[PDB]
Each structure stands twice: as structure tokens, then as C-alpha cells.
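First the structure, in the form of C-alpha cells, and then the observations on it.
Protein chains: 6
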Amino acid sequence: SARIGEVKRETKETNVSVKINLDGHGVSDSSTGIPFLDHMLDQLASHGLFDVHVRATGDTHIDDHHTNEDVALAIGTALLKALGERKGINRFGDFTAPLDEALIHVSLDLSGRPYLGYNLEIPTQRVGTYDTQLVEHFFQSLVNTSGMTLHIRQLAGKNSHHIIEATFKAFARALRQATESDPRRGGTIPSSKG
Amino acid sequence: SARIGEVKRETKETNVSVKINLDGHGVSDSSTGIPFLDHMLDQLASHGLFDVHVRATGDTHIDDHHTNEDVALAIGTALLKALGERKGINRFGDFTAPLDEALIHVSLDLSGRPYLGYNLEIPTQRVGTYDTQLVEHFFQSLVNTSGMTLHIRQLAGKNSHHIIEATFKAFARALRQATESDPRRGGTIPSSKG
Amino acid sequence: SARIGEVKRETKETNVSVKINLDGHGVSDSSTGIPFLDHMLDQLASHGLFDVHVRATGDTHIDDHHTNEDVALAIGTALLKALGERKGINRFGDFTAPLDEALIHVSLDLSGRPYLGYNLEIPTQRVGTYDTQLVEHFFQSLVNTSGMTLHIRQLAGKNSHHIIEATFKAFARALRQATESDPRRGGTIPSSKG
Amino acid sequence: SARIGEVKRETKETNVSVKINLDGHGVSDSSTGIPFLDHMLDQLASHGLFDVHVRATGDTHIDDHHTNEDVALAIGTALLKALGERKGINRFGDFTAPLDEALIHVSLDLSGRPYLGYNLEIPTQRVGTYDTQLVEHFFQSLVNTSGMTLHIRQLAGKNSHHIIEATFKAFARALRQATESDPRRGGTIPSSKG
Amino acid sequence: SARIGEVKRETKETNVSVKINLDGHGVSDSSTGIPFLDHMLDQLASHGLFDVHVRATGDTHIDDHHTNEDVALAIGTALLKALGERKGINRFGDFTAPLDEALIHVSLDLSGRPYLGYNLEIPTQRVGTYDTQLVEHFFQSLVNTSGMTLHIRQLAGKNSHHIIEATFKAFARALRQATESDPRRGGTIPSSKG
Amino acid sequence: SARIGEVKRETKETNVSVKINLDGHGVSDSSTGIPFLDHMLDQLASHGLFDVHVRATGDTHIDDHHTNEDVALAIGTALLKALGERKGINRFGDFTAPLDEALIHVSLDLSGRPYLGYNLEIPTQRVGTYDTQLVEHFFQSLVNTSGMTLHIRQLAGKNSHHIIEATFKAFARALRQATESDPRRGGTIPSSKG
Ligand SMILES: O=P(O)(O)C[C@@H](O)Cn1cncn1
Ligand SMILES: O=P(O)(O)C[C@@H](O)Cn1cncn1
Ligand SMILES: O=P(O)(O)C[C@@H](O)Cn1cncn1
Ligand SMILES: O=P(O)(O)C[C@@H](O)Cn1cncn1
Ligand SMILES: O=P(O)(O)C[C@@H](O)Cn1cncn1
Ligand SMILES: O=P(O)(O)C[C@@H](O)Cn1cncn1
Ligand SMILES: [Cl-]
Ligand SMILES: [Cl-]
Ligand SMILES: [Mn+2]
Ligand SMILES: [Mn+2]
Ligand SMILES: [Mn+2]
Ligand SMILES: [Mn+2]
Ligand SMILES: [Mn+2]
Ligand SMILES: [Mn+2]
Ligand SMILES: [Mn+2]
Ligand SMILES: [Mn+2]
Ligand SMILES: [Mn+2]
Ligand SMILES: [Mn+2]
Ligand SMILES: [Mn+2]
Ligand SMILES: [Mn+2]
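Protein chains in written order, with the working numbering: chain A, 1 to 194; chain B, 1 to 194; chain C, 1 to 194; chain D, 1 to 194; chain E, 1 to 194; chain F, 1 to 194.
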């Protein structure tokens, strides 16, 4: 059956609901209260073929920060839940995607060990109304609850929207690869330490 | 039938036996007299899905060097034997794998022309009892007898075990890709110069 | 009895009311017209255990500046009033608090001599709608009316919200320490010059 | 009652058992297969007043790495279990400890968000038989499973044993502080977002 | 009973008597023949809550040096005597104190091993009639006879009196902390090597 | 009569016994559990003409560190005991000794004030199994308990064994000089401050 993870979490800052299907058809259904983040989550669905359902509300009058963080945390947990014991999966993903002049490499390992390597240099402070510092925080928080090893490398880029969107496209494709079935490994856990 | 290469070689320094199945199921069976190298050869099996059988003894009281070298030479020859005329294969492999903070890119071409490009900077001299200079030598010797074009690029890393292990994981996945069947090329040799 | 200081002040720019209990239970009740500042004043209450009541209105259509300043001035005066002759208190506070990658050291002396040492480098201009230059001004104004010696040192940090919030947490804990009873000094003024 | 966390975990690499009492009397009972790490865990007990019980076996013929990592992971989980919802605790710890010429600052926040800031520069590769790269890895792994924000800063030091031991002493004292009861906060969760 | 240490020493250069109560009430009673040093010893009493009795005479027509040194040596011995086997004490102290623009960190360990780390840069040669080189010598000599590990770090400062006085305040508070009872350790020696 | 100092000390880390004759005939009798240190202590005897008896056991499975330190501490105390009031001695020693390309200057003053000046740069981490950081620690600890002013200056050298051994030879000769009778001073204490 399809691998589906669901998470609901609320604090005094935010209220978040996430549902992700690893074996999806790219159904895009994200409403975070942060329009730019919604557009990015749509790439995750369109290019990763995940079904992505997100609802969030929160204290955006203070900052988009808490909302952004809590969405990311919940997505990471949903990924973790959907994955289980990771039997039969590729485990590793590696993809470099452009968007015009931008070029972003993502490599990830569904390892159970959280790590973010990140070197983006986004040259403007706001893309629309979205604080561009929140991109790093989105990935960091997602890593922390998913237990993913994730490296994001900026190889080229100038336009902030292009840089960020190329990142989400590359991430989506790398994550799709990692989560997909390995046709040769016959349902074994992809690790020497099992 | 499965592509299997077997090599036995002895000198006054070492005695080595290798058997590799390119079309394996990740059977790990390596005993070199060098425990760290055994752990690395296990990644080769687990992530490359090669069946890897290695037995070696040698003059480890002098150095792990001769053993390490002769194991690598024999593995390269076994790969060469298993491959044959390389009909119908992908030929090229390209994969970047992390292990936590380490990130290693491997690109290879089963070209018949030996070349190693290598830029690892391993910041400690011994990982366990294993001399970290021997990593480069392992790949160089393997290249020399297999007739492989191999590039290994350190993109990130600090922990020596992480750097080396990520290298073996990336190599395993790139080699798996290169050795696998190309579903479109209908048993032709993947070269313009045939 | 509990040490409570109350201040009301109005100008043509702003209208401010503050009530602070040094011996509080962390009651958070701040409405400044500046949502980010409200969130920071909540840390002051939650981590310092002060009861913090603030109401402010003002010329935010011009700038948050005058409001921010006048709130800070009034808080400083309220602290001064609540403290009195400082009999029996610790006087000095010293605490370093993180928020994720940010790490902020605050040291203060309830000396009667105003001084601010401040080296924060906040890498974005707006956190939500809040002008990040106003952080320094908040502490400067508070120091000026409280007669506090205050040092704020950025030891690490990248995310602007993390940097600022860690500052308020560290400040809250240092101020709590300084204002609390010294169990050994038997109600004496903590100074050699009395 | 005393806050006690217990963890047993085994892999093909290691076998680990940990029991930690947050409200201990400094009972030191650590046997990891890594003598230097045992000595460090004794400081954790002696200076933190934790009761620390650790048993580990593993593939030390390969490297101390896997053992070191798996001990740290299990300690982090044990801390997490012992802490619960963190009601009534100080939450934050801050301590700088010397050992002769070495001087190490540790600041931590029991936040639920893993982060390690670390800048130690240990000038030798082996302290006894212990690979000094493994110090960073111990703290990283502990952070990852405990969900702790941890900063370790080398302020002075030359002797590798002094640097590492001062780190464990400072960490022990900061962790003791963070885990202890806050006498004023009346069993409330020490956070504004509850 | 109160922990009191007394020392009398005379040479052809100086004549010194010291009495220190670790469990004091901040009784200040210092007359060294060096007025600035008397003022500093008063901070030690006022902020450390030590009872400090010092009488010294000596060859101040030559230099304040011998007097300064012999006072410090005798204070260190008095501390050592008052401390004994150090049963049940905190052992470690850590405090950073300002005086206006000056900010001085002191960390110390009552270890039995003398060490001074010191980086003050006092920008004038005489504060009143007191040679500012003698500050370092005071702490060095005190360390040498007390068997204390002591680190003094200048974090900020310009005015020489402020720098020196902040040092004595920070030292007093760190020493108070280190010498005080640890409420949890039940009269045990605070060391793993007992 | 011959000036003989004897010290026995034990901790949970080590057990040490030392006997030194200042007026010896170079009797070498050192067994520390650290073979390289034994060889160095033999130079002390052979070139200083001290009779040197040392027995030590300790936690060398952790590190040679604690043993090395505790031997040095005990030697320093033994020197102090053997010396007494230092009547009639040279007090000062000054010698520069080579060992092949290495050249080491030692100057010392039996002053009653501990100080180590040390600038050795030993270019390898292990001489045999001996951690070369422990050389500095040996001299520091010896100074701390003997109350000696000691300067060690590397004037030339490349081979680590040569550097360290030349240091012990120079030290032995300087210490011999300092401890020997001054034929002119007629049993007076060699100080202006008696
Ligand atoms: O968990 P896996 O499958 O990546 C295998 C481990 O040996 C990895 N590793 C992590 N640190 C040192 N080695
Ligand atoms: O052998 P192949 O299939 O890579 C084809 C050759 O033309 C490659 N080549 C090597 N040197 C110059 N060209
Ligand atoms: O006011 P206090 O208690 O800090 C004591 C003063 O001597 C401080 N001081 C200020 N400038 C020079 N000394
Ligand atoms: O979780 P807590 O108690 O530290 C309160 C949060 O507002 C912290 N925070 C984290 N990112 C931005 N703010
Ligand atoms: O004496 P303590 O209590 O600090 C414990 C010792 O292990 C310290 N140490 C000193 N050098 C190497 N380790
Ligand atoms: O003890 P002695 O014999 O070296 C004589 C002293 O005057 C030395 N001294 C130390 N500090 C300033 N002078
Ligand atoms: Cl690249
Ligand atoms: Cl600092
Ligand atoms: Mn955050
Ligand atoms: Mn777009
Ligand atoms: Mn070779
Ligand atoms: Mn491994
Ligand atoms: Mn203004
Ligand atoms: Mn916040
Ligand atoms: Mn690891
Ligand atoms: Mn130790
Ligand atoms: Mn002097
Ligand atoms: Mn003053
Ligand atoms: Mn030591
Ligand atoms: Mn020799």
C-alpha cells in the first residue's frame, strides 16, 4: 500500500496539519499562510510526485518564522512516519537542477541521522513577503525531525526566486529517488549495520 | 548468466583471492587482514549489490600497504574479467553520497583506459589501525588493473571515517550504475569506436 | 512585599503604561503596537519570571522608533522604582543563552550608572515588520533610565529572530539573577561605598 | 521520584545499554570498551551528579567510531526519556570550567531542537588510544537524540586531555544546572509557546 | 564551624599578617601600605562575603612590588589552610562582572594545581600610585600558594581602575561560588580521583 | 649527611614512590610504567649525579598522562624535601646541552616560586609510545611542587628523541649545579631577603 504519513501539531504560536504520500501522483494541496512557501511546496509535489497536503495557521503578525519552522518540523515527522524501517528503498538521492541561471545540487541520505549542509547565498532579503533566511530554517527543521542527511549546494544563481525554487526542485527529485523502491535489493534494509 | 570474475595471486609479500559477481545481491564476504578495509568492502557489497568475496594474508607487520595494494589489484582484475567486452552496459556511472557532514562525488567510465583523479584530504593519519594514505592507493591500484577512468571528489567532510566511507558508498553506487544493463542499447558496445 | 514599579508617560509621539513585578511568576501582558517586541517582552516574563504589563500606542505610521524607545524608557524607570535602594540583592547577573545556532552573553550590574556595551550584528533589516536597529535602541533606552551597566555580546548566530530572542532570554535570566535576593548578605546594600 | 532514563540498542556494529538518573548522587558506572571515554563519563557523573550506568561492546577492531557514536546516541535518548515534558526545570545551563591551562565554555538549552556549535581544536590525534575526532562526534550524536541545543567553545588550552576533560566538566555542570528544578516556576513548562 | 585561615610571614623585605573567613559576612579590614590594593581587597570582602583581615608593612620606598607579592602569597596560603580537603564544596567558580565599560571574566577551579591564565591589558602604568603590572603579580602569587587554577579574561575595558576593580569583583564572586557548599554532594570530595 | 627526599602518594588514578639523593653517585632506578620516561630519568641520574629511585603504577590504559603527572609532582616534592632551607647552595643553574642536532638551554633558580618557561616544539606526536605533550607537563608539575623557577629553550633540533633527551641532560646539569655547595658562601642562605 501507499506510504502515507500524517502529523497534527499545535502550540501557542502555530497550528499545523500535514499529510504526505511518498507513492503519490504529485497532488499539490498546500496552504501555510506563507504564499511563497506554498509555491515551493507545489514544486515538491510536481517534481517529486509526492502528494502534499499542508494546512497551517500561526503568528505571522510577529514573523513568518514560527509558522515556517513548525510546517517544516511536521513535514519531517510525516516523512519519517511514511518511511518506516526503510525496507527496499534506494535510500540515497542525488540531483542537480537549474532554474535559468540558478543551479542547485542536492544530495541526501535517509540515514536516520539528522544533518544539514547548506551554502546558499540568497542576495535579497525578501522574495515577495517571504524572509529568505527562512529557507535554511525550513530545511534544517525538516532534517531534524525526519532524521535525514541533507546537503544543499549553490553552484550558480543570482535571482532569489530562481535560487530557492531550483533548490526545491532539486530536493524534490533527490527525495523522490531516495524514497523509491530499489528494484534489486528485494525488500532488505539498505544498510550494512541492520 | 551472472557476470563473475575470479582472481588468485601470490607474491613473497601477500596471498590474495577475490571473487566478484557484478549481478549480485550484496553478499558481503571480505577478510583482508585489514579490518577497516573489510568494513569498506562491505559498503561496496551493500550499496553496489555486488557479491564480494575476498581473502588476503600478507606482511602486515611491515605495513598494511602491500596487502591493501594487492587486494585492490586483484579486485580490479576481477572486475575486468567479469565485464568482458562490456556489451549492453551503461558504461558510465555518476553518484554523490553523503555520510553525515562528508559528501563525496564519484564519476567513472568503464573505458579500458586507467585514470584516477583524486582530491580527498583525510585529516587524520590512522582510522582505527588503518593508514589513511592507503585509501588513494586502493583506488589507484583498482583503476590500474580494471582499466577504469575514475574521479573521486571531496565536496565536504571532516571525520576521516565519514570521508572514506562516503567515498566507498558513492563508488559502489557509481560502479553499480556503470555495470548495469542499459535497457535501450540492445547489447551493443557503448562506444563510437567499436 | 513584592517589588512593583509602575510608570505612565505620554508625549505628542506616544502613550505608554508599564507595570513590572520583580518578584513575579512570569505573567506576560505586553501590547506595544509592535508585535515582535511583544514576543520579546514575553521572553522577559517567561524566562525572567517578571510580571510584565505594558500598554503602548504611538506614531507607528512614521516609524516604530518612538514607540520602541518610549516603551524601553518606561520599563527602565519601572525597574528603577521597583528596585529602590537595592538592599539585599545579588546586584550582578551573568548568563549566556542560545537559541539554536545563536548564542548571546549578557552581563549586567545594577550599579546606578548607565552603560550599554553592545556588539550584535543582525544580518537582516526587518524581522517581520520590526526594524532590527531598534533592538540596540531598546536596550540603550532601558539602561539610560534604569541606571544599569549592561553588556550584550554576540558569540554566534545567523538567523535574526534567533539572535534577538536569545538576547532577550539571556537578558531576562541575567536580570532575574541580579534582582533576586542574595541569601547571605542580610539586607545590606551590595557595595563597598554605601 | 527520581528521573531515570534507560535505553538498550543493538546493531550489527555495537551493543549498548545506558541508564541515567538526572537526580543522582554521582554514581559512576561506565564501561564502553573505550577507556578514555569511560574517564570522561566519570566526570559527567562526578561533576554533574548524574548516576551514569553504561555498558557497550562493539567493533573496536575497525575503529572506536561506531561504539563511541552508539553510546552517545543512547545517552541522548536516555536524557530525553528521563526529562519528559521538562516541567519545572531551569532548562538552560551555562558554565565555563578550566583544567589547568584549558578553559572550555558550555552553554545549553533543553529546547527539543538539536544543534551543536563546536570549535574545539585538539592538537593531537590520539589521547591514549582514543581518536580525538570522536569528541565532536560524541556531542553531536548526544545532541541529535536528546534534542538539545549545545554550544562548546574553546577559550584556552594546549594539552589534549585537558581540553577534552575540561569540556566534559563544563558540560556536566551546565547539564546539571539545566536539568535541576527552578525553585520559582512552580512546575510550569519553561517556554512561552506551551 | 567557619573556615578560617591565618598566616603570618616576615622577611627582610616585608611583614605580613592575613586572616580570611570563607564563611564570612564581608568584613573588610585590609591595610597593606598600598591604598589601591586595600580598595581591591575591600571588593573581595564586599562581593565575595569573605571576612578579610590584612596587615602589611614593607619596603615600599624601593617598590610596592615586594609588599604586593608577599600579601598575595600569604592570602593564597590562608585560602589553602581555610579550605582543607575541600569536602562538600562547589570547587568551580565562573563569573563575569562589569564596571561600566569594563567587563572581566573569571573562571577558577580549586584543584590543588596552580595555574594563572591572564590577558588583561591595562592601558596606564599607574592607578593612583599603584603600578598596574602588580595586578598580574598579585593573582600569580595568590595562585602559587593556594594551588588554584585561575583564568582572568578581559572582554572589554578602557579605564584602568575599572578594569582592575571589575577583575576583583569577578574574582570575588567566582571564589565565593567555588568555596560555597554544594547542596547535593553530601560532603564528598568533588573529584573523580579521591 | 646526604640530602635525601622521599615521597609516597596514591590516588584512584596512580600510585607513586620516589626517593632522590641530591648528593648521589648517579644511581639510576626508575620504573614508571612509561619506558621513555624511565630513559629520561636515567639521564637525570647519569648527568646530574642524583640517585633516582622511582616506582609508579597507574591508569596507562586511559592515557600515560596521570602517571606522568603524578611522577613529576612527587619528584618535585622530593626535591623540595631534600633541599630544606637551601643553606650554602649555588641556587642557580645554567646549562646548554646538545644531542646531535638538538640543542637545549636550561636555566633554573631554586627560588621557592614556581614558574615554567617552555618553548619546545617537538615535531612528532609519539616517541615510541610516549605522547610528546607530556614532556611539558612533566616539567610543569615538577616545578609546581618543587617551587622552582625553570626556563627551557629549544635552540635547535629536529629529532623528537634528541630534543627531549637533550632537555633532560641540560636540566640534569643545571639542577646539579644549583643544588651543589657554593664553596664561598659559608652556609648562608643565597638570598638578599633572608
Ligand atoms: O548507518 P549506515 O548504513 O550508514 C553504516 C555506518 O557504518 C555508517 N557510519 C556512520 N558513522 C560511521 N560509519
Ligand atoms: O573510447 P571511447 O568510446 O571513449 C571514444 C574515443 O573517441 C575517446 N577518445 C579518447 N581520446 C580521444 N577520444
Ligand atoms: O559603586 P560600586 O559599588 O561599584 C564601587 C566603586 O568604587 C566603583 N567604581 C566606579 N568607578 C571607580 N570605582
Ligand atoms: O521554543 P522556545 O520556548 O525557545 C520559544 C520560541 O519562540 C523559540 N523560537 C525558535 N525559533 C524562533 N523562536
Ligand atoms: O584532579 P581532578 O579532579 O581535576 C581529575 C583529573 O583526572 C584531572 N586531570 C588532570 N590532568 C589530567 N586529568
Ligand atoms: O627571593 P630572592 O632572593 O630572589 C629576592 C627578591 O627581591 C626577588 N624578587 C622577587 N620579586 C621581586 N624581587
Ligand atoms: Cl561540483
Ligand atoms: Cl567569551
Ligand atoms: Mn527557529
Ligand atoms: Mn516560480
Ligand atoms: Mn605501493
Ligand atoms: Mn562505518
Ligand atoms: Mn531615538
Ligand atoms: Mn520566537
Ligand atoms: Mn559516524
Ligand atoms: Mn584526567
Ligand atoms: Mn616578584
Ligand atoms: Mn573603585
Ligand atoms: Mn594534567
Ligand atoms: Mn636516548
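All C-beta atoms, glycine included, are put in the ideal place defined by N, C-alpha and C.
CB contact flag (C/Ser30, E/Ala97, <8 Å): The answer is no: Cβ separation not under 8 Å.
Interface residues of the stretch 4-35 of chain A facing chain D [CB-CB below 7 Å]: Of all residues in the stretch 4-35 of chain A, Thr11, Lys12 and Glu13 have a Cβ within less than 7 Å of some Cβ in chain D.
Chain-ordered chain D contacts of B/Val54 [CB-CB under 7 Å]: Here the premise fails: no neighbours, minimum Cβ distance about 16 Å.
Validate contact between the stretch 88-103 of chain F and the stretch 119-133 of chain F using beta carbons, cut 8 Å, 3 pairs: The stretch 88-103 of chain F and the stretch 119-133 of chain F do not touch, with fewer than 3 CB-CB distances between them shorter than 8 Å.
8 Å Cβ cutoff, B/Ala156 in contact with chain A: It does; some Cβ of chain A falls within 8 Å.
DSSP three-state assignment for E/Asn144, whether helix, strand or coil: It is helical.
Bounding residues of the alpha helix (DSSP H) (the contiguous stretch that carries D/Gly48): Looking at the DSSP string, the run of the alpha helix (DSSP H) that includes D/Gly48 is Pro35 to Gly48.
Neighbourhood of E/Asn119 by C-beta, 8 Å cutoff - its chain only, sequence neighbours within 5 removed: Apart from sequence neighbours up to five positions away, the residues of its chain that approach E/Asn119 with a beta-carbon distance below 8 Å are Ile152, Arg153 and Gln154, ordered along the chain.
Partner residues on chain D for C/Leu103, Cβ-Cβ distance less than 7 Å: Neighbours of C/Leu103 in chain D, taken as residues whose beta carbon is under 7 Å from its own, are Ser107, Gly117 and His151 in chain order.
Residue nearest to B/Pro35 in terms of C-alpha spacing, selected from B/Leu103, B/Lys19, B/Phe139 and B/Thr129: Ranking B/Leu103, B/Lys19, B/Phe139 and B/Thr129 by Cα distance to B/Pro35 puts B/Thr129 first.
Proximal residues to D/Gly117 (C-beta, below 8 Å), its chain only, five neighbours per side dropped: Closer than 8 Å at the Cβ level, and outside the excluded window around D/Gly117, lie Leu150, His151, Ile152 and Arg153.
Beta-carbon separation (whole angstroms), D/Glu121 vs D/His162, contact threshold 8 Å: Not quite, the Cβ-Cβ distance comes to about 13 Å (not below 8 Å), so this is no contact.
D/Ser146 at chain I interface by Cβ criterion, 8 Å: Included in the structure are the protein chains A, B, C, D, E and F, with no chain I among them.
Min CB distance B/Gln140 to chain D below 8 Å: Not one beta carbon of chain D lies nearer than 8 Å to the beta carbon of B/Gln140.
Check: F/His105 C-beta below 7 Å from any heavy atom of ligand 16: No; taking the cut-off as 7 Å, the Cβ of F/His105 has no heavy atom of ligand 16 nearer than that.
B/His65: CB within 7 Å of a non-hydrogen atom of ligand 11: With a threshold of 7 Å, the Cβ atom of B/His65 counts as near ligand 11, since some heavy atom of the ligand is closer than that.
Contacting positions in the stretch 35-46 of chain B - beta carbon closer than 8 Å to chain D: Going along the stretch 35-46 of chain B in chain order, one finds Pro35, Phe36, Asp38 and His39 with a Cβ nearer than 8 Å to chain D.
Contact test: D/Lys193 Cβ vs ligand 4 heavy atom, cutoff 7 Å: D/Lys193 has its CB nearer than 7 Å to a heavy atom of ligand 4.
Members of the stretch 58-85 of chain F that neighbour chain D once the beta carbon cut-off is set at 9 Å: Under the 9 Å Cβ criterion, the stretch 58-85 of chain F contributes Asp59, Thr60, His61, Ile62, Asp63, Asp64, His65 and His66.
C/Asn68 in three-state terms, based on DSSP: Correct three-state label for C/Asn68: helix.
Cβ of C/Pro190 within 8 Å of any chain D Cβ: By the rule that beta-carbons nearer than 8 Å mark a contact, C/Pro190 does not touch chain D.
Beta-carbon spacing of D/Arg185, C/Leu49 below 8 Å: In this structure, D/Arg185 lies near C/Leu49, with their beta-carbon atoms less than 8 Å apart.
Any chain B beta carbon closer than 8 Å to A/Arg184: Yes - at least one Cβ of chain B is within 8 Å of the one on A/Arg184.
Check: B/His137 C-beta below 7 Å from any heavy atom of ligand 11: Yes.
CA nearest to the CA of A/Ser46, picked from A/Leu103, A/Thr179 and A/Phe168: The option with the nearest alpha carbon to A/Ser46 is A/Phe168.
Closer than 7 Å: B/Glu165 CB and nearest ligand 12 heavy atom: Yes; taking the cut-off as 7 Å, the Cβ of B/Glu165 has a heavy atom of ligand 12 nearer than that.
Beta strand (DSSP E) segment containing E/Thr167, residue limits: Run containing E/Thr167: none in the beta strand (DSSP E); it sits in the alpha helix (DSSP H), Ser160 to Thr179.
Chain E residues whose Cβ lies nearer than 8 Å to that of D/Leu49: Going along chain E in sequence order, the residues near D/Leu49 (Cβ under 8 Å) are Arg184 and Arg185.
beta-carbon A/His47 near ligand 14 non-hydrogen atom, thresh 7 Å: For A/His47, the distance from the CB to the nearest heavy atom of ligand 14 is not below 7 Å.
Cβ contact (3+ pairs, closer than 8 Å) linking the stretch 170-188 of chain B and the stretch 17-27 of chain C: Output reads no: the stretch 17-27 of chain C does not touch the stretch 170-188 of chain B.
Straight-line gap, C/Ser17 to C/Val54 (C-alpha atoms, nearest Å): One C-alpha to the other measures close to 6 Å.
DSSP beta-bridge partners of E/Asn21: Partner residues in the beta bridge of E/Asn21, as assigned by DSSP, are E/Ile4 and E/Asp51.
F/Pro123 classed as buried or exposed, judged by whether at least 16 other C-beta atoms fall within 10 angstroms: Looking at its Cβ environment, which holds fewer than 16 other Cβ atoms inside 10 Å, F/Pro123 is exposed.
Beta carbon proximity, F/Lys169 to chain E, threshold 8 Å: No, its Cβ sits nowhere closer than 8 Å to a Cβ of chain E.
D/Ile20 versus D/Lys81: straight-line alpha-carbon distance, rounded: Answer to the nearest angstrom: the Cα atoms are 10 Å apart.
Buried or exposed by the 16-neighbour rule on C-beta atoms within 10 Å, applied to C/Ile62: Exposed is the call here.
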